[PDB]
Student: 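This is the structure I want to talk about, given as structure tokens.
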Amino acid sequence: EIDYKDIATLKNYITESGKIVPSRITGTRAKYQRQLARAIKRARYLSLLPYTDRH
Amino acid sequence: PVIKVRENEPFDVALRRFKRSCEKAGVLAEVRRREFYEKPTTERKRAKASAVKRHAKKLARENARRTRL
Amino acid sequence: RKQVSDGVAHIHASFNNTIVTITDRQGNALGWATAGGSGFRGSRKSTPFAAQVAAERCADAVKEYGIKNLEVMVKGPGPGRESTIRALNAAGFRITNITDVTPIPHXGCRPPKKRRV
Amino acid sequence: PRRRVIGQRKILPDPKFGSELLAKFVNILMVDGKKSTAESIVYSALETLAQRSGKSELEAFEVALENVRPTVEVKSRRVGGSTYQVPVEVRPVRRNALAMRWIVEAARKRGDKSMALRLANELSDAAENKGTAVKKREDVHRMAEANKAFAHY
RNA sequence: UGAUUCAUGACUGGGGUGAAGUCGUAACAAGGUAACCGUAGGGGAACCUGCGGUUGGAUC
RNA sequence: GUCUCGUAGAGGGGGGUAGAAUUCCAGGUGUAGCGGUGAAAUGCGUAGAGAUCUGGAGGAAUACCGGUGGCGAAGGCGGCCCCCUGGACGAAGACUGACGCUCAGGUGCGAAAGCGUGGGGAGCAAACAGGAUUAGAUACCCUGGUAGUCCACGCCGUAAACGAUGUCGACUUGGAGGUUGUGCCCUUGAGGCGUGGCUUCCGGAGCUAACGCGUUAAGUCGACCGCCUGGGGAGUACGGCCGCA
Ligand SMILES: [K+]
Ligand SMILES: [K+]
Ligand SMILES: [K+]
Ligand SMILES: [K+]
Ligand SMILES: [K+]
Ligand SMILES: [K+]
Ligand SMILES: [K+]
Ligand SMILES: [K+]
Ligand SMILES: [K+]
Ligand SMILES: [K+]
Ligand SMILES: [K+]
Ligand SMILES: [K+]
Ligand SMILES: [K+]
Ligand SMILES: [K+]
Ligand SMILES: [K+]
Ligand SMILES: [K+]
Ligand SMILES: [K+]
Ligand SMILES: [K+]
Ligand SMILES: [K+]
Ligand SMILES: [Mg+2]
Ligand SMILES: [Mg+2]
Ligand SMILES: [Mg+2]
Ligand SMILES: [Mg+2]
Ligand SMILES: [Mg+2]
Ligand SMILES: [Mg+2]
Ligand SMILES: [Mg+2]
Ligand SMILES: [Mg+2]
Ligand SMILES: [Mg+2]
Ligand SMILES: [Mg+2]
Ligand SMILES: [Mg+2]
Ligand SMILES: [Mg+2]
Ligand SMILES: [Mg+2]
Ligand SMILES: [Mg+2]
Ligand SMILES: [Mg+2]
Ligand SMILES: [Mg+2]
Ligand SMILES: [Mg+2]
Ligand SMILES: [Mg+2]
Ligand SMILES: [Mg+2]
Ligand SMILES: [Mg+2]
Ligand SMILES: [Mg+2]
Ligand SMILES: [Mg+2]
Ligand SMILES: [Mg+2]
């Protein structure tokens, strides 16, 4: 299960600018891609991850 | 796209790196698509047309790989 | 009149014009030039060459401050995105950083209607 | 043309000096196929120029050609939208052809007594960077400079 | 005192047919601003404009 | 059809919150242009604009993820969090015992625009004004801009509301995919063998005027309903019902 606190894992699925990388590029299953997107949005809200690279 | 020119790195190389990073970020296409409002029916029509074109081109390539000219 | 030696060049590259403004690191402007103001109007104003001329004029305008190092912030999709940077490097400044700062709404306001030409 | 099948035509060198450059100049000056008349006019003008200056006929002619030769011209280019006057580099053969044509036209426009005298005066003015065909080279260069912003179409 | 039905009425509304006079050129090709649907506002006229919708759109 | 365990989902209603961006306000730096177009002009700017930095106000929409992906009867539904809540699907059972299908009239839901009352109003923008283009230009282009778009409650009841394809059930060769369950096996992983739900493209027989449809049928059958009967007049008139219009 994807954890929004697992910043090290989550950083593999974001670009340098902070955007969420497409599953067609990362080879991720769709069901797990949705969980990744939710976790990344939660982490952004908690400021564990940036919304944009201009931070 | 934040490109920090490292030491002894030529300006031309730094500029090419910046251009590549901008192209990978796709900011230009985003701005161009945000210049004017696209009605939701228009957006749906365009997405469907792109998907249909991709599928038809792939099928045509598959068929053409098995024939001689 | 005070020396800075560490400045930021902001390029505003729109489809119709290029605006080059050199500030210090705190955002206070020292000088500016524009492609429209460097003797170009109409279709000539929106070319990379006009942007390069504007960049040269801005460098000349800030020559007094003795700026040595320049960060670069480019904003907009205009044709003067790279000619300005090339001219700034050719003018003698040391290009330390290059960054894209083009604003992107995360949705945002509804854009103007499409043109029927 | 469409098919790109046009070669090149050899030109005999001029009698007095054996210069295809001067032979082409005579050809440009010639009207109605009166090549002997054109040659006599050119020779008289060249002798007047040589006695006016300290150089030979060929050297004075080369000085005038160097002063009249253009480097960049403007040509129309029509793309999606409107037509632009794009500056284009001129190849050496066209440089020579344009220089000769402009010199001949300026001399014909002059109002002296004889055509040989007009040509000699035009050549001397060209050597001193004065008069017509020099103003013409200047106008062409000015147009190219004004349209330099379009040098990527 | 009502209802219904027939006839008739200054004037007025649109409709059909004929004929082609005046004004434009809306549609058919990407018909020269893709067309059309519902709705709303505007305009001598065909129509134009906004909002959502459709492909029964050419090119890509 | 009920119960038990679990699964995915922008299904619905209510509340809160986050970041980006636009506009406006104030201040700092700074100076002659900005903006716009095919080219211009209107417009904005030395009363200091545009550009850049800082702080504040406010409304609306939620980049990337995102997908011939998902959910929903249809209309439709997209940041994150909580609360209330509907449906679907799968595995083993247990339970009821034809309790079913369809449905005139009736009733409910029903995009956008529009209407009423009260709020709100950043951006956009019918009407309107000016600048252009043009023979003209009540347009297309440009500069502005009001209803409206937003919120609450009520009305309206229409759309190329489309798959131009009513609902329910049974049966009839195949291929390649997507998505979501679940069983077994192995050397244990982008593993192999099955078995369900929903879904995209191609195509066989058959069907079809043809185009095409083709197990999600427009094939082969049954049950019930809605509808058509040459073009125009016309979905118009008159009458009824409904509606504030
Ligand atoms: K009566
Ligand atoms: K009567
Ligand atoms: K039209
Ligand atoms: K059409
Ligand atoms: K309309
Ligand atoms: K009128
Ligand atoms: K739920
Ligand atoms: K919200
Ligand atoms: K019944
Ligand atoms: K209101
Ligand atoms: K508003
Ligand atoms: K506007
Ligand atoms: K409500
Ligand atoms: K209505
Ligand atoms: K449809
Ligand atoms: K499956
Ligand atoms: K399976
Ligand atoms: K009603
Ligand atoms: K009313
Ligand atoms: Mg615009
Ligand atoms: Mg036109
Ligand atoms: Mg029509
Ligand atoms: Mg027409
Ligand atoms: Mg027209
Ligand atoms: Mg049209
Ligand atoms: Mg109607
Ligand atoms: Mg109008
Ligand atoms: Mg306000
Ligand atoms: Mg539930
Ligand atoms: Mg009924
Ligand atoms: Mg509405
Ligand atoms: Mg009204
Ligand atoms: Mg209202
Ligand atoms: Mg307002
Ligand atoms: Mg407008
Ligand atoms: Mg209807
Ligand atoms: Mg629909
Ligand atoms: Mg229908
Ligand atoms: Mg479904
Ligand atoms: Mg088929
Ligand atoms: Mg049929
Ligand atoms: Mg009616």
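Throughout, a chain's letter reflects where its sequence line sits, starting with A, and its residues are numbered from 1.
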Student: Based on whether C1'-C2'-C3'-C4' is positive or negative, which pucker family does F:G130 belong to?
Tutor: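 With a positive torsion about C1'-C2'-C3'-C4', the sugar belongs to the north class.
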Student: Taking any atom closer than 4.0 angstrom to a non-hydrogen atom of chain C, what span of RNA chain E does the protein reach, first nucleotide to last?
Tutor: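 Answer, 5' to 3': E:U33 to E:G52.
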Student: Under 5.5 Å between six-ring centres and under 30° between planes, true for F:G189 and F:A190?
Tutor: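 Base stacking between F:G189 and F:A190: absent.
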Student: Can you tell me how far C1' in F:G110 sits from the matching atom in F:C77, rounded to whole Å?
Tutor: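 It comes out at 15 Å once rounded to the nearest Å.
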Student: Tell me whether the sugar of F:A47 sits north or south, going by the sign of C1'-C2'-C3'-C4' (positive is north, negative is south).
Tutor: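 South, since the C1'-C2'-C3'-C4' torsion of F:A47 has a negative sign.
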Student: Look at the side chain of D:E128 and the backbone N and O of D:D125, then say whether any donor-acceptor pair between them is shorter than 3.5 Å.
Tutor: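 Not confirmed, D:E128 side chain does not pair with D:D125 backbone.
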Student: Can you name the closest pair of heavy atoms from A:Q33 and A:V21 and give their distance?
Tutor: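 Scanning both residues completely, I find the closest heavy atoms to be NE2-O, 3.4 Å.
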Student: Where along residues 59-80 of chain C does a heavy atom fall under 4.0 Å from RNA chain F?
Tutor: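 Output list: C:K75.
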Student: My parser flags sugar pucker from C1'-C2'-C3'-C4'; what should it report for F:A60, north or south?
Tutor: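 Because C1'-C2'-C3'-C4' is positive here, the pucker of F:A60 counts as north.
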Student: Does a side chain donor of either D:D14 or D:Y43 reach within less than 3.5 Å of an acceptor in the other side chain?
Tutor: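 Yes - a donor-acceptor pair under 3.5 Å links their side chains.
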Student: Sort out for me which residue in D:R110, D:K109, D:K136 forms a salt bridge (charged side-chain N to carboxylate O under 4.0 Å, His left out) with D:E122.
Tutor: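 One option only clears the test, and that one is D:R110.
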Student: F:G175 and F:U85: how far apart are their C1' atoms, nearest whole angstrom?
Tutor: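 F:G175 and F:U85 have their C1' atoms separated by 44 Å.
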Student: In residues 28-35 of chain A, which residues come under 4.0 Å of RNA chain F by heavy atom?
Tutor: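 Output list: A:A30, A:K31, A:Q33, A:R34.
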Student: Identify, residue by residue, the members of residues 40-69 of chain B with a heavy atom below 4.0 Å from RNA chain E, and return them in order of residue number, or none.
Tutor: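 Residues of residues 40-69 of chain B that come under 4.0 Å of RNA chain E are, in numerical order, B:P40, B:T41, B:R44, B:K45.
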Student: Return the pairing partner of F:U172 with a 3.5 Å limit on both distances, Watson-Crick or G-U wobble; otherwise return none.
Tutor: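 Across all strands, not a single nucleotide pairs with F:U172.
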Student: Using the P atom in both, what is the distance from F:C151 to F:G12, to the nearest Å?
Tutor: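 Going atom to atom, P in each nucleotide, I get 15 Å.
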Student: Looking at the six-ring of each base, are E:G32 and E:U33 less than 5.5 angstrom apart at the centres and less than 30 degrees apart in plane?
Tutor: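 Flagged as non-stacked, criteria not both satisfied.
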Student: Under 6.0 Å between ring centres, would you say that holds for A:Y45 and A:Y4?
Tutor: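 No; A:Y4 has its ring centre 6.0 Å or more from that of A:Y45.
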Student: Taking F:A217 as the reference, what is the distance to F:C202 when you measure between their P atoms (whole Å, please)?
Tutor: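 My reading of the P atoms in F:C202 and F:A217 gives 16 Å.
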Student: Please give the nucleotide sitting opposite F:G145 as a Watson-Crick or G-U wobble pair, both distances under 3.5 Å, or none.
Tutor: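 No nucleotide pairs with F:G145.
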Student: Can you tell me how far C1' of F:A60 sits from OH of B:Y37, to the nearest Å?
Tutor: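 One finds 13 Å between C1' of F:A60 and OH of B:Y37, rounded.
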Student: Does the pair F:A98, F:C99 qualify as stacked when the test is that the six-membered ring centres sit under 5.5 Å apart and the ring planes lie under 30° from each other?
Tutor: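 Not stacked, because at least one condition fails for the base rings of F:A98 and F:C99.
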Student: Using the six-membered ring of each base, decide whether F:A32 stacks on its neighbour F:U31 (centre distance under 5.5 Å, planes under 30°).
Tutor: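 Stack present between F:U31 and F:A32.
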Student: Can you tell me how far P of F:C81 sits from OH of A:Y4, to the nearest Å?
Tutor: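 Value for this atom pair: 10 Å.
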Student: Using only heavy-atom distances, determine whether the side chains of C:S14 and C:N16 contain a donor-acceptor pair under 3.5 Å.
Tutor: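 Per modelled atom types, C:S14 and C:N16 side chains form no pair under 3.5 Å.
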Student: With sequence neighbours left out, write down each residue that passes salt bridge (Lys or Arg N to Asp or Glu O under 4.0 Å) with A:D53, or none if nothing qualifies.
Tutor: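 Testing A:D53 for salt bridge (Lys or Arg N to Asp or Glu O under 4.0 Å), a comparison that skips the adjacent residues, returns none.
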Student: Grab the CZ-P distance between C:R57 and F:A51 for me, whole Å please.
Tutor: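 C:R57 atom CZ is separated from F:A51 atom P by 17 Å.
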Student: Would you check if F:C213 and F:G206 are a Watson-Crick or G-U wobble pair, both distances kept under 3.5 Å?
Tutor: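 As far as the geometry goes, F:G206 and F:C213 are base-paired to each other.
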Student: Is there stacking between F:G11 and F:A10 - six-membered ring centres closer than 5.5 Å and planes within an angle under 30°?
Tutor: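 Per the 5.5 Å and 30° rule, F:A10 does not stack on F:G11.
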Student: Going by an N to O cut-off under 4.0 Å, is there a salt bridge joining D:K148 and D:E145?
Tutor: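 Salt bridge between D:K148 and D:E145, a charged N being under 4.0 Å from a carboxylate O: yes.
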Student: Do any N or O atoms of the protein come closer than 3.5 Å to N or O atoms of nucleotides 126-132 of chain F, and which pairs are they?
Tutor:
| from | atom 1 | to | atom 2 | distance (Å) |
| --- | --- | --- | --- | --- |
| F:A126 | OP1 | C:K113 | NZ | 3.3 |

Student: Measuring only the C1' atom in each nucleotide, how far is F:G166 from E:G50? A whole number of Å is fine.
Tutor: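 After rounding to an integer number of Å, I get 36 Å for this pair.
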Student: Quick check: closest heavy atoms across C:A33 and C:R57, and the distance to 0.1 Å?
Tutor: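 Smallest interatomic distance, heavy atoms only, reads CB-CB, 3.7 Å.
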Student: Report the pucker family of F:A234 (north if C1'-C2'-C3'-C4' is positive, south if negative).
Tutor: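 Negative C1'-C2'-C3'-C4' torsion, south pucker.
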Student: Establish whether B:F18 and B:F11 are linked, either directly or via other cluster members, by ILVMFWY side-chain heavy-atom contacts under 4.5 Å.
Tutor: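 Cluster IDs for B:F18 and B:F11 match.
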Student: Among residues 41-49 of chain A, which ones have heavy-atom contacts with RNA chain F below 4.0 Å?
Tutor: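 Of all residues in residues 41-49 of chain A, the ones placing a heavy atom under 4.0 Å from RNA chain F are A:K41, A:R42, A:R44, A:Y45.
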Student: Taking E:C51 as the reference, what is the distance to F:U149 when you measure between their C1' atoms (whole Å, please)?
Tutor: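 Comparing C1' positions in F:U149 and E:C51 gives a spacing of 8 Å.
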Student: With no hydrogens and no angle check, is any side-chain donor or acceptor of D:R69 less than 3.5 Å from a backbone partner on D:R94?
Tutor: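 No, D:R69 side chain to D:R94 backbone: no donor-acceptor pair under 3.5 Å.
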Student: Who is the Watson-Crick or G-U wobble partner of F:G118, with both distances under 3.5 Å?
Tutor: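 Because both required distances fall under 3.5 Å, F:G118 counts as paired with F:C151.
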Student: Work out how far the P atom of F:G116 is from that of F:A147, and round it to whole angstrom.
Tutor: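 To the nearest whole Å, 14 Å.
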Student: Under a 4.0 Å heavy-atom cut-off, which of residues 13-26 of chain A touch RNA chain F?
Tutor: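 Listed by number, they are A:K19, A:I20, A:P22, A:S23.
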Student: Any donor-acceptor pair under 3.5 Å linking the side-chain atoms of D:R142 with those of D:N147?
Tutor: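 Absent: no donor and acceptor within the cut-off.
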Student: For the atom pair OG (B:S50) and NZ (B:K48), what is the distance rounded to the nearest 0.5 Å?
Tutor: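 If I round to the nearest 0.5 Å, the distance is 10.5 Å.
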Student: Whole-Å distance between F:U29 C1' and C:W32 CH2?
Tutor: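 So the two atoms are 14 Å apart, to the nearest Å.
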Student: Using purine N1 to pyrimidine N3 plus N6-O4 or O6-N4 for Watson-Crick, or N1-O2 and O6-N3 for G-U wobble, each under 3.5 Å, what pairs with F:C80?
Tutor: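 F:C80 is paired with F:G16.
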Student: Ignoring backbone atoms, test whether B:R33 places a side-chain nitrogen or oxygen under 4.0 Å from the OP1 or OP2 oxygen of F:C64.
Tutor: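 For B:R33, the contact criterion (side-chain N or O under 4.0 Å from OP1 or OP2 of F:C64) is met.
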Student: Dot-bracket for RNA chain E: what is it, with Watson-Crick or G-U pairs under 3.5 Å, [ ] where a pair crosses earlier ones, and | for a pair to another strand?
Tutor: .................................(((((((((....)))))))))|....
Student: Between A:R38 (CZ) and F:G70 (P), how many Å, whole number?
Tutor: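 A:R38 atom CZ is separated from F:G70 atom P by 15 Å.
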Student: With a 4.0 Å heavy-atom cut-off, tell me which residues in residues 37-53 of chain C come close to RNA chain F, sorted by residue number.
Tutor: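 Close to the strand are C:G37, C:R41, C:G42, C:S43, C:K45.
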Student: Counting any heavy atom closer than 4.0 Å, what does C:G31 reach on the DNA or RNA strands: base, sugar-phosphate only, or nothing?
Tutor: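 No contact.
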Student: Please measure how far the P atom in F:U143 lies from the corresponding atom in F:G43, and state the result in whole Å.
Tutor: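 Comparing P positions in F:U143 and F:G43 gives a spacing of 14 Å.
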Student: Tabulate protein N/O versus nucleotide N/O from nucleotides 25-28 of chain F, keeping only pairs under 3.5 Å, one per line.
Tutor:
| from | atom 1 | to | atom 2 | distance (Å) |
| --- | --- | --- | --- | --- |
| F:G28 | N2 | C:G27 | O | 3.0 |

Student: So for F:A159, where does the sugar sit by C1'-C2'-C3'-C4', north or south?
Tutor: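 Here the torsion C1'-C2'-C3'-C4' comes out positive, placing F:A159 north.
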Student: Please list residues of residues 8-22 of chain C whose heavy atoms come under 4.0 Å from any atom in RNA chain E, ordered by number; otherwise none.
Tutor: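 Here the set is empty: none.
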Student: Using atom CD1 of C:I104 as one end and atom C1' of F:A61 as the other, report the distance to the nearest whole Å.
Tutor: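 Whole-Å distance recorded here is 15 Å.
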Student: Should the pair C:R110 and B:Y37 be classed as cation-pi, given the thresholds of under 6.0 Å to the six-membered ring centre and 45° from the axis?
Tutor: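 C:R110 over B:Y37 ring: yes.
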Student: Of all heavy-atom pairs between D:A60 and D:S53, which one has the smallest distance, and what is that distance?
Tutor: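 Taking every non-hydrogen atom into account, CB-OG, 4.1 Å.
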Student: Is the cationic atom of D:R101 (NZ for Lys, CZ for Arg) positioned less than 6.0 Å from the six-membered ring centroid of D:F25 and within 45 degrees of its normal?
Tutor: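 Cation-pi check for D:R101 and D:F25: fails.
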Student: Given F:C34, is OP1 or OP2 found less than 4.0 Å from the side-chain N or O atoms of C:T34?
Tutor: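 Result: yes.
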Student: Of all the nucleotides listed (F:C80, F:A20, F:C141), which has the minimum atom distance to the side chain of C:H106?
Tutor: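 Within the option list, the nearest is F:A20.
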